[PDB]
């Protein structure tokens, strides 16, 4: 559950990210692929080399989705319905992977927005990404 205080923390931290969201998304994927090689199996036809344009493109889509969730924190399931069917039913992404990407996004934010990444903000963002991860996996069977 995101409290009003969490929502404020998320909106502020993501407001600082601003236009860097695509770059941060691409770096979180890059960190995920390199730290947890098993994730690469979901992208057999991607160029996953450092600086791949295909990864920068995907990082931008992932970031846009998160931006959209931040904009609609009170109605996240609805905002993410198409994505939730995509990930759970069509792609069948095991829930573990969402925790890997969530960790890598937090690492990316900590490295890029040190001023903003206080303990309370870290708790709020972990909770936000846990809500996104749950919405995207609740249909998995």
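Residue numbers count along the first chain shown, from 1. Think of the rigid core as the biggest set of C-alphas that the two forms share within 1.5 Å after superposition.
- For the pair 65 to 73 and 88 to 96, rigid core superposition yields a higher RMS C-alpha distance in 6 other deposited structures of this protein in 88 to 96.
- Averaged over Cα atoms, the B-factor as recorded in the entry is higher for 50 to 58 than for the other of 104 to 112 and 50 to 58.
- When the mean C-alpha temperature factors of 71 to 79 and 95 to 103 are read from the deposited coordinates, 71 to 79 comes out higher.
- Ranking 123, 10, 19, 130 by Cα temperature factor from the entry places 19 first.
- When the modelled residues of the chain are ordered by C-alpha B-factor, residue 29 sits in the middle third.
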